[PDB]
Amino acid sequence: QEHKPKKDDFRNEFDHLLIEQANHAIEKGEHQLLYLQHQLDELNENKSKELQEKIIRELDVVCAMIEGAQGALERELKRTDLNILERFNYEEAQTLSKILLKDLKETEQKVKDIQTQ
């Protein structure tokens with residue numbers, strides 16, 4: 001009926017596999033992106049400077065950690081080869097990650113676009 005989330009937030013990655021990390025990061029990113037993006041909508045109504053600051057600050061810190069791990073992971077996972085499936089999956093991960101990063105800076109564009117006091 002109702003799917004409870006992950007009870008332990010400070011839980012370390014169990015699988016820790018190249019593609020597993022990628023799908024793990026994007027799952028977290030997706031959830032936080034949609035979260036802050038809905039907050040953008042609220043911010044857009046409040047036009048609150050402090051709210052703007054919190055939103056852009058949390059966006060920034062998550063965007064940075066995501067990009068750092070993504071860049072690292074991409075470089076590493078590239079050591080894998082000879083596998084039509086892995087090729088497809090890698091390319092697919094790159095596809096979704098790029099979309100995710102786009103949406104981050106897109107939301108960034110929105111928060112920076114709202115004039116505050």
# chains A, B, ... in the order shown; residues from 1 in each chain; ligands from 1
>>> residues_around(residues="residue A:113", least_positions_apart="5", cutoff="12 Å", atoms="only C-alpha atoms", output="NGL selection string")
:A and (40 or 43-44 or 47 or 49 or 52 or 56 or 105-108)
>>> residues_around(residues="stretch 73-88 of chain A", least_positions_apart="4", cutoff="9 Å", atoms="only C-alpha atoms", output="list in words")
residues 18, 19, 21, 22, 68, 69, 92, 93 and 94 of chain A
>>> write_last_selection(atoms="N, CA and C atoms", output="tab-separated table (two decimals), in the first residue's frame")
chain	number	residue	atom	x	y	z
A	18	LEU	N	29.79	0.40	-9.98
A	18	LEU	CA	29.85	1.54	-10.92
A	18	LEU	C	28.44	2.06	-11.30
A	19	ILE	N	27.66	1.22	-11.94
A	19	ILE	CA	26.31	1.59	-12.36
A	19	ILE	C	25.37	1.76	-11.16
A	21	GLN	N	26.16	3.00	-8.23
A	21	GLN	CA	26.41	4.31	-7.68
A	21	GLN	C	25.68	5.34	-8.53
A	22	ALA	N	25.84	5.24	-9.85
A	22	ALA	CA	25.17	6.14	-10.79
A	22	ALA	C	23.65	6.20	-10.57
A	68	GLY	N	31.00	16.09	-8.40
A	68	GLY	CA	32.29	15.55	-8.03
A	68	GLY	C	32.32	14.04	-8.10
A	69	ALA	N	31.29	13.42	-7.55
A	69	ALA	CA	31.18	11.98	-7.55
A	69	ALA	C	30.90	11.47	-8.96
A	92	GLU	N	23.41	5.35	-21.10
A	92	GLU	CA	22.11	5.67	-20.54
A	92	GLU	C	22.26	6.49	-19.26
A	93	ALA	N	23.23	6.10	-18.43
A	93	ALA	CA	23.48	6.79	-17.18
A	93	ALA	C	23.93	8.21	-17.47
A	94	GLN	N	24.80	8.34	-18.47
A	94	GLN	CA	25.30	9.63	-18.91
A	94	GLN	C	24.14	10.50	-19.40
>>> residues_around(residues="residue A:101", least_positions_apart="6", cutoff="10 Å", atoms="only C-alpha atoms", output="MDAnalysis selection string")
chainID A and resid 26 29:30 33 63 66:67 107
>>> write_last_selection(atoms="N, CA and C atoms", output="mmCIF file, in the first residue's frame")
data_model
loop_
_atom_site.group_PDB
_atom_site.id
_atom_site.type_symbol
_atom_site.label_atom_id
_atom_site.label_comp_id
_atom_site.auth_asym_id
_atom_site.auth_seq_id
_atom_site.Cartn_x
_atom_site.Cartn_y
_atom_site.Cartn_z
ATOM 1 N N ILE A 26 21.594 9.467 -8.874
ATOM 2 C CA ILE A 26 20.500 10.108 -9.605
ATOM 3 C C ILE A 26 19.172 9.974 -8.867
ATOM 4 N N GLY A 29 19.491 12.606 -6.287
ATOM 5 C CA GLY A 29 19.428 13.883 -6.974
ATOM 6 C C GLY A 29 18.036 14.215 -7.465
ATOM 7 N N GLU A 30 17.381 13.232 -8.051
ATOM 8 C CA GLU A 30 16.041 13.404 -8.583
ATOM 9 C C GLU A 30 15.086 13.842 -7.488
ATOM 10 N N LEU A 33 16.031 17.345 -6.345
ATOM 11 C CA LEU A 33 15.757 18.302 -7.406
ATOM 12 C C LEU A 33 14.277 18.635 -7.440
ATOM 13 N N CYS A 63 24.609 19.993 -5.717
ATOM 14 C CA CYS A 63 25.049 20.015 -7.100
ATOM 15 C C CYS A 63 26.543 19.701 -7.171
ATOM 16 N N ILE A 66 27.328 15.990 -6.155
ATOM 17 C CA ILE A 66 26.854 15.145 -7.239
ATOM 18 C C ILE A 66 27.802 15.195 -8.436
ATOM 19 N N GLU A 67 28.271 16.390 -8.780
ATOM 20 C CA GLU A 67 29.167 16.550 -9.916
ATOM 21 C C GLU A 67 30.532 15.942 -9.640
ATOM 22 N N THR A 107 16.914 25.057 -12.390
ATOM 23 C CA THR A 107 16.270 25.516 -11.171
ATOM 24 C C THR A 107 17.100 26.658 -10.582
#
>>> closest_residue(among="A:100, A:115, A:91, A:60", to="residue A:25", atoms="only C-alpha atoms")
A:100
>>> atom_distance(atom1="atom CA of residue A:116", atom2="atom CA of residue A:45")
11.0 Å
>>> closest_residue(among="A:109, A:98, A:90, A:50", to="residue A:20", atoms="only C-alpha atoms")
A:90
>>> atom_distance(atom1="atom CA of residue A:3", atom2="atom CA of residue A:37")
22.8 Å
>>> select_by_dssp(residues="stretch 52-87 of chain A", states="alpha helix (DSSP H)", output="ChimeraX atom specification")
/A:52-77,84-87
>>> write_last_selection(atoms="N, CA and C atoms", output="compact mmCIF listing (two decimals), in the first residue's frame")
# COMPACT_ATOMS: atom_id res chain seq x y z
N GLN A 52 15.34 32.26 -0.56
CA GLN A 52 16.12 32.18 -1.79
C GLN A 52 17.53 31.68 -1.48
N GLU A 53 18.12 32.23 -0.43
CA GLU A 53 19.45 31.89 -0.03
C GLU A 53 19.55 30.43 0.40
N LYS A 54 18.61 29.96 1.20
CA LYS A 54 18.60 28.56 1.64
C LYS A 54 18.47 27.62 0.44
N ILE A 55 17.53 27.94 -0.43
CA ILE A 55 17.27 27.12 -1.61
C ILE A 55 18.50 27.02 -2.52
N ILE A 56 19.12 28.16 -2.83
CA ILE A 56 20.30 28.16 -3.69
C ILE A 56 21.49 27.50 -2.98
N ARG A 57 21.56 27.63 -1.66
CA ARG A 57 22.64 27.06 -0.87
C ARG A 57 22.57 25.54 -0.85
N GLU A 58 21.38 25.00 -0.65
CA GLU A 58 21.21 23.56 -0.64
C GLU A 58 21.37 23.00 -2.05
N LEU A 59 20.94 23.78 -3.04
CA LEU A 59 21.07 23.39 -4.44
C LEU A 59 22.56 23.28 -4.77
N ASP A 60 23.30 24.30 -4.36
CA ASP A 60 24.73 24.41 -4.61
C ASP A 60 25.52 23.24 -4.02
N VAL A 61 25.34 22.98 -2.73
CA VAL A 61 26.09 21.92 -2.05
C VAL A 61 25.81 20.54 -2.63
N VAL A 62 24.55 20.28 -2.98
CA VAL A 62 24.18 18.99 -3.55
C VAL A 62 24.67 18.89 -4.99
N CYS A 63 24.61 19.99 -5.72
CA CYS A 63 25.05 20.01 -7.10
C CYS A 63 26.54 19.70 -7.17
N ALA A 64 27.30 20.27 -6.24
CA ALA A 64 28.74 20.09 -6.18
C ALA A 64 29.11 18.65 -5.86
N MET A 65 28.53 18.09 -4.80
CA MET A 65 28.85 16.72 -4.41
C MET A 65 28.47 15.74 -5.52
N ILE A 66 27.33 15.99 -6.16
CA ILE A 66 26.85 15.14 -7.24
C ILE A 66 27.80 15.19 -8.44
N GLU A 67 28.27 16.39 -8.78
CA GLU A 67 29.17 16.55 -9.92
C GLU A 67 30.53 15.94 -9.64
N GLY A 68 31.00 16.09 -8.40
CA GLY A 68 32.29 15.55 -8.03
C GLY A 68 32.32 14.04 -8.10
N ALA A 69 31.29 13.42 -7.55
CA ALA A 69 31.18 11.98 -7.55
C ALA A 69 30.90 11.47 -8.96
N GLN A 70 30.10 12.22 -9.71
CA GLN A 70 29.77 11.85 -11.07
C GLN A 70 31.02 11.83 -11.94
N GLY A 71 31.81 12.90 -11.82
CA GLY A 71 33.01 13.05 -12.62
C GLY A 71 34.02 11.97 -12.31
N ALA A 72 34.11 11.65 -11.03
CA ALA A 72 35.02 10.62 -10.55
C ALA A 72 34.57 9.27 -11.08
N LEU A 73 33.30 8.96 -10.84
CA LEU A 73 32.69 7.72 -11.27
C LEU A 73 32.84 7.50 -12.77
N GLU A 74 32.48 8.52 -13.56
CA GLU A 74 32.57 8.44 -15.02
C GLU A 74 33.98 8.03 -15.47
N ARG A 75 34.98 8.74 -14.95
CA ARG A 75 36.37 8.47 -15.28
C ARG A 75 36.75 7.02 -14.93
N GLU A 76 36.31 6.57 -13.77
CA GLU A 76 36.60 5.21 -13.31
C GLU A 76 35.86 4.17 -14.12
N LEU A 77 34.54 4.29 -14.21
CA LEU A 77 33.73 3.32 -14.95
C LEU A 77 34.19 3.17 -16.39
N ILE A 84 28.59 -4.94 -24.95
CA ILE A 84 27.54 -4.15 -25.60
C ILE A 84 26.49 -3.65 -24.59
N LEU A 85 26.25 -4.44 -23.55
CA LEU A 85 25.26 -4.09 -22.54
C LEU A 85 25.77 -2.96 -21.68
N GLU A 86 26.99 -3.11 -21.18
CA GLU A 86 27.59 -2.10 -20.34
C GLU A 86 27.70 -0.79 -21.09
N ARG A 87 28.00 -0.88 -22.39
CA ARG A 87 28.05 0.31 -23.24
C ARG A 87 26.72 1.06 -23.19
>>> atom_distance(atom1="atom CA of residue A:36", atom2="atom CA of residue A:6")
19.6 Å
>>> closest_residue(among="A:110, A:38, A:28, A:102", to="residue A:5", atoms="only C-alpha atoms")
A:28
